[PDB]
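Chain A is the first sequence line, chain B the second, and so forth, proteins listed ahead of strands; every chain is numbered from 1. Atoms within a ligand are numbered from 1 in the order they appear, just like the ligands themselves. Computed from heavy atoms alone, side chains included, the values below leave out hydrogens, waters and symmetry copies.
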Amino acid sequence: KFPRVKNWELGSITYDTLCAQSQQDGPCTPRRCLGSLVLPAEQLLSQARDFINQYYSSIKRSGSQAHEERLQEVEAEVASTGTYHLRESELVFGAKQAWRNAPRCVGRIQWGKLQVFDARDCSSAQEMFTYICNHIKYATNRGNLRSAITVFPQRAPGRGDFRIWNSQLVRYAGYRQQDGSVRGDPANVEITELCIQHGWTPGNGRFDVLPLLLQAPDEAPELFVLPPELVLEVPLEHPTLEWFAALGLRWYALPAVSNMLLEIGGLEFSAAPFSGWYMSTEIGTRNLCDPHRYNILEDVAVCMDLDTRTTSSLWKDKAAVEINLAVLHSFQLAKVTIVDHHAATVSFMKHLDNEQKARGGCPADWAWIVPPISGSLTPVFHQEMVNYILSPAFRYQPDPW
Amino acid sequence: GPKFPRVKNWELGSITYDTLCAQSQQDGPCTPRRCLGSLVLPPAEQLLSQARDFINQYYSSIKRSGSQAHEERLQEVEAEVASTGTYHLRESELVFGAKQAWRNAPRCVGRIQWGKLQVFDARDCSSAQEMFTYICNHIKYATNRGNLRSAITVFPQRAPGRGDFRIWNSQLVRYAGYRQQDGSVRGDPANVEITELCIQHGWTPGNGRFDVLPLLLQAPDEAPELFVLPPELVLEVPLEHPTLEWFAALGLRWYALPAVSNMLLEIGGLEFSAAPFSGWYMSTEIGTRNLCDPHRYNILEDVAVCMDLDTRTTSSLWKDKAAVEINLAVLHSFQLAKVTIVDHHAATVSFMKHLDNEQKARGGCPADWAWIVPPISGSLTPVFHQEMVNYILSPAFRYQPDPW
Ligand code: HEM
Ligand code: HEM
Ligand SMILES: Cc1cc(N)nc(C[C@@H]2CNC[C@@H]2OCCNCCc2cccc(F)c2)c1
Ligand SMILES: Cc1cc(N)nc(C[C@@H]2CNC[C@@H]2OCCNCCc2cccc(F)c2)c1
Ligand SMILES: C[C@H](O)[C@H](O)[C@H]1CNc2nc(N)[nH]c(=O)c2N1
Ligand SMILES: C[C@H](O)[C@H](O)[C@H]1CNc2nc(N)[nH]c(=O)c2N1
Ligand SMILES: [Zn+2]
C-alpha cells in the first residue's frame with residue numbers, strides 16, 4: 001500500500017502516503033521497470049472539480065460560499081460549452097503547483113516563489129514576441145535572476161495550438177558542415193535548419209543565438225530576432241588556469257524552457273515558457289562535455305597536458321572537474337545567479353523533509369535528481385525516492401513540425 | 001513498431017526493442033501508479049513449474065529441446081519430487097545455472113565475463129570445518145597471486161525440515177569496525193554488528209583501521225563456528241598516489257578479492273543459501289563508495305586538507321577534486337602491485353558491448369540503471385545515455401536476511 005522509503009547514509013525511514021493521490025499512470029508494471037526511459041465532458045468535469053477543491057483548500061476556504069459557487073460556475077460552463085476558464089488567482093496557484101509536482105526538478109525548494117505573467121489575451125505571433133521579450137527582461141534582472149512563467153491561451157477543440165517551436169527561449173545554432181561535422185550545438189541542427197528555411201540569415205559562429213519561431217493558431221510560424229541587449233551571456237574563464245579564457249567559450253544566463261505543456265484542472269496550455277536559474281553541472285558537464293554536444297573534454301585535457309592515451313589516468317574526470325569550476329567562477333565573477341550541485345542537492349533534501357510534513361511525500365525521479373558528476377558525493381544518491389504523476393503538471397509534447 | 005518496450009541510446013540515436021522481458025516469471029516492486037526502481041530492497045505444485053522451466057532452459061542451451069533425453073529428464077525430476085518433495089541437479093545443470101544467474105543479475109556491470117566462471121561443486125560438504133577448507137581453496141584459486149579469476153563455490157541446497165548452510169559474513173574478506181567510547185568508529189562502520197558477533201563468539205579483536213574479520217560459518221542445526229583466515233591467503237594492496245608523495249603516508253589499504261558471501265542462489269526452485277562468488281573490483285567501488293561514503297571510511301575531508309583545498313565552501317568543488325585523486329590512487333596502486341582491477345570507463349564500455357551481444361543472443365538484457373551508472377563521473381560514461389529495462393529472470397541471485 002504505502003511504500004517504505006529509506007535513507008542509507010542516515011538510516012532514517014519515512015512512508016509515502018501522497019502517491020495515493022495520483023490519478024495518472026506511468027510506464028512501469030510489476031513485470032518490468034521503465035523508470036530510466038526519457039519519454040468528454042464527465043472526465044474534464046472531475047479534473048476541474050478536483051482542481052477547484054485543491055485551490056479552495058489552499059486558501060483555507062474549503063466549503064465556504066465562494067467555494068460552492070465557483071464549482072457551480074464551472075459545471076454550468078462545461079455543460080453549455082464543453083470547456084471553461086480559470087480565474088487569474090487560480091492560474092497562479094496552478095502554475096506553482098505544477099512546479100511543486102515536477103519529479104525531475106532538483107530546484108523545488110523555490111516552488112513558492114514564482115512570478116506568473118498572464119498572457120491569455122494574446123491573439124497574434126507579434127503579441128507573443130512582446131510578451132516573451134518582457135519575460136526575459138524581468139527574469140534576467142541584470143543577472144539577479146528571478147523565477148517566472150508566461151502563460152499563453154489554452155488549447156481549444158475547434159483550432160490549432162499556440163506554440164513556441166524552440167525548445168528554449170535562448171539556444172545556440174548548430175550548423176551542419178560540408179564534411180558532416182557540426183559547428184555550434186549539435187542538439188539544435190534541426191531547429192537551426194527550420195529557421196533558415198523561414199528566412200533567417202545565419203551566422204557562422206559556435207555561439208550564435210537562435211531567432212524564435214512563434215506560431216499562432218492555424219498559421220505558419222513567424223520568425224523574430226531577439227534584441228542582442230536582452231540576452232545576457234557569461235564569458236568562461238578559470239580561476240587559476242590562464243589559457244582557459246582563450247578557449248573562447250561562453251554560456252547564456254537564462255535557462256528558459258518553452259516546449260512543455262502545462263496542464264491545470266483539465267485545461268492544457270501548449271505555450272507556457274518558464275525560467276529559473278542554472279545548476280552549474282547542466283552547463284559544465286552536460287552542455288559542454290556530452291559526446292553528442294560541444295564535446296570539449298579532449299581539448300581541455302590536452303591544454304592541461306594530461307595523458308589522453310588511456311582511460312586509467314582519469315583524464316576525462318580531471319578535465320570535467322576543471323570545466324565545472326570555470327563555470328562557477330565565471331558566473332560568480334559576472335554576478336549572475338547560479339547554484340553548484342552540492343548546494344542544490346542539500347536544498348533538495350530540505351525540500352523532501354518540508355514536503356513529508358506538508359503532504360506526506362514528494363514525487364522524485366532519482367536518475368534526474370542525482371547530478372551527472374560526483375553522484376555519490378551528494379546526499380541525494382543515498383536517498384530512496386518514489387516517482388508518480390500528480391496534477392497540475394508539466395508534460396512533454398511532440399515537436400510541432 | 002512492436003508491443004515490447006522501445007529502448008533508446010541518446011548519445012548515438014539508436015533504438016532496440018526488449019523481447020526478453022516476456023520470459024519474466026516474477027514481479028518487481030513497480031506498478032502503473034508508482035515507480036519503486038530506486039529502492040535497494042524489493043508446495044509441490046510451485047516447485048515443479050520452476051523445475052520444469054529450468055530443465056527446459058537447460059535443454060534449449062544444449063540444443064536438445066523436445067528430445068527423448070529432455071522428456072526423460074523431465075520425468076525423472078517430477079518422480080523425484082513425488083517421492084521426496086525435492087530433487088537434485090546434475091553437475092552440468094548446476095554449472096549452466098550458476099553462469100545463467102550471473103548473466104541475469106541486473107545490478108552487475110561486469111557481465112561481459114559471464115561465460116568465464118569457474119564453478120566449484122561443494123555439495124558434498126558436511127561440516128563447518130569442511131566449509132572452511134572449501135572457502136580457503138576458493139580464495140587461493142580466485143586470487144591466483146593477483147591474476148584474479150572469477151569463481152563460485154556451491155554448498156548443499158536447502159532441504160525440508162533441516163537447517164541451512166549459511167556464511168554469516170557478507171563477504172569473505174571484510175575489515176572490522178570497532179565502536180569507540182565517544183561514539184565514533186575505528187575501521188569500517190558498515191561492519192560494526194558482525195564485528196561484535198565475532199567477539200561474542202570468542203574472537204580476540206585487534207584495534208586497527210584495517211583488521212581482517214574472521215569467518216562465522218554455520219552448518220545445519222548447529223551454532224556458527226569461528227575460523228581465522230591465514231594471513232598469507234588474504235592479498236592486500238597498500239595505497240599510494242602517482243604524483244602526490246604524501247598519499248602513501250595516510251596508511252590506507254584495500255583487499256584484492258571482492259567475494260560476496262550472503263546471497264541466495266536460486267536454480268529451478270532449489271535454494272542454495274551458501275554459494276559465495278568472486279570476480280575483480282571496479283575501482284570506483286573502493287575509491288568512491290568504500291573510502292568516501294560519509295557512512296563508511298569518510299576520508300574526503302582528510303585528503304582535501306592535505307591537498308590544501310578550501311573545504312569551507314561547496315563551490316570550490318573540493319569534494320570532487322579529492323574524490324578524483326583517491327580513485328586515481330586506487331587504480332595506480334593495484335596496477336603497481338599487479339592485481340587485476342578495472343576502471344569505470346573501461347568497465348562501462350565493456351558493458352555496452354555486453355548489451356549488444358545480448359540483444360542478438362536473447363533479445364534484451366535486464367539492467368538496473370541506478371546501479372550500472374558509476375558513482376562518480378556518471379555522464380562521462382556511455383551507460384548514462386543508454387535507456388535500460390529492469391526485470392527478474394531465473395536462475396537468480398537474491399538478497400537474504402541476516403541469520404541473526
Ligand atoms: C529556480 C531555480 C531552478 C533550478 C536550479 C532548477 C533545476 C533543475 C534541473 C537541474 C533540472 C534537470 C535539467 C535537465 O537536465 O534537463 C530541472 C528540471 C525541471 N524543472 Fe527545474 N529548476 C529551477 C526552476 C524551475 C522552474 C521555475 C520551473 C517551472 C515553473 C521548473 C520546472 C522544471 C521541470 C518541468 C523540469 C523537467 C524538464 C524536462 O523534462 O526537460 N524548474 N530543474
Ligand atoms: C568479473 C569481475 C566483476 C566485476 C568488475 C563486477 C562488477 C560489479 C559491480 C561494480 C557491482 C555493483 C556492486 C555494489 O555497488 O555493491 C556488481 C554487482 C553484482 N554482481 Fe558483479 N562483477 C564481477 C563479477 C561478478 C561475478 C563473478 C558474479 C557472480 C557469479 C557477479 C554478480 C553480481 C551480483 C549478484 C551483484 C549484485 C550485488 C548486490 O545486490 O549487492 N559479478 N558487480
Ligand atoms: C526528449 C526530451 C524529453 C524531456 N522531458 N526533456 C528534454 C529536454 C532535455 C533534458 N535534458 C537536456 C534537455 O533540456 C535542457 C534544458 N533543461 C533546463 C531545465 C531547467 C534548469 C534550470 C531552470 C529551469 F527553469 C529549467 C528532451
Ligand atoms: C542491503 C543490501 C542489499 C543488496 N542487494 N546488497 C547489499 C550490499 C551492498 C550494496 N552496495 C555496497 C554493498 O556491497 C558491497 C559488496 N559488493 C561487491 C559486488 C561485486 C563486485 C565485483 C565482483 C563481485 F563478485 C562482486 C546490501
Ligand atoms: C537514459 C537516461 O535516462 C538519460 O540519459 C537521462 C539520465 N538522467 C538525466 N538527468 C537529468 N537531470 N537530465 C537528463 O537529461 C538526464 N538524462
Ligand atoms: C538509494 C539508492 O538506490 C542507493 O543509494 C543505490 C544507488 N546506486 C547504487 N549503485 C551501486 N552500484 N551500488 C549501490 O550500493 C548503490 N546504491
Ligand atoms: Zn519502475
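Between A/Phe394 and A/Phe274, the ring-plane angle classifies as tilted under the 30° and 60° cut-offs. In this pair, B/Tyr175 and B/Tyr297 present their aromatic rings perpendicular. The plane angle is above 60°, beyond the 30 to 60° band.
The side-chain tip of B/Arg149 points at the ring of B/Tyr141 from less than 6.0 angstrom away and within 45° of straight on. Stacking of B/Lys116 on the aromatic ring of B/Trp114 is not recorded, the 6.0 Å distance cut-off and the 45° axial limit not both being met.
Looking only at protein heavy atoms, the nearest one to atom 18 (C) of ligand 1 is A/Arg104 O, 3.7 Å. Here the protein heavy atom with the shortest distance to atom 13 (C) of ligand 1 is A/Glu282 OE1, 3.7 Å.
Ranked by closest heavy atom to atom 5 (C) of ligand 1, the top entry among A/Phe274, A/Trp277, A/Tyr396 is A/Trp277. Nearest-heavy-atom check against atom 38 (C) of ligand 1 across A/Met260, A/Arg146, A/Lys96, A/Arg395 picks out A/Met260.
B/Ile152 does not count as a contact of ligand 2, since none of its heavy atoms falls under 4.0 Å from the ligand. Ligand 2 lies out of reach of B/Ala347, whose nearest heavy atom is not under 4.0 Å from it. Ligand 2 is approached by B/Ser278 to a heavy-atom distance shorter than 4.0 Å.
At a heavy-atom distance under 4.0 Å, only side-chain atoms of A/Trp368, from C-beta outward, approach ligand 1. The proximity of B/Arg111 to ligand 2, defined as any non-hydrogen pair under 4.0 Å, does not occur for either the backbone or the side chain. Contacts with ligand 1 closer than 4.0 Å are made by heavy atoms of both the backbone and the side chain of A/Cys105. Residue A/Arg286 does not touch ligand 1, judged by heavy-atom distances below 4.0 Å.
The angle that A/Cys33 SG and B/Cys30 SG make at the Zn ion (ligand 7), rounded to 10°, works out to 110°.
For ligand 2, the atoms lying closer than 4.0 Å to a non-hydrogen atom of B/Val109 are 7 (C), 10 (C). Atom numbering of ligand 2 starts at 1 in the shown order; those under 4.0 Å from a heavy atom of B/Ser150 are 1 (C). Every atom of ligand 1 with a heavy atom of A/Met279 under 4.0 Å away is listed here by number and element: 10 (C).
Checking A/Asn259 against A/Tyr396 by side-chain atom types alone, no donor-acceptor pair falls below 3.5 Å. Side-chain contact check for B/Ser394 and B/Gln26: no donor-acceptor pair (N or O, by modelled atom type) lies under 3.5 Å.
Distances between N or O atoms of B/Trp102 and those of ligand 2 include at least one value under 3.5 Å.
The pair B/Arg111-B/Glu358 does not count as a salt bridge, with every side-chain nitrogen at least 4.0 angstrom from each carboxylate oxygen.
Closest of all the heavy-atom pairs between B/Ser315 and A/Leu328 is O-CD1, 3.8 Å.
Taking a 6.0 Å sphere around CZ of B/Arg33, one finds it holds 12 or fewer heavy atoms contributed by other residues, nucleotides or ligands.
Here A/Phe331 and A/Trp251 keep their ring centres 6.0 angstrom or further from each other.
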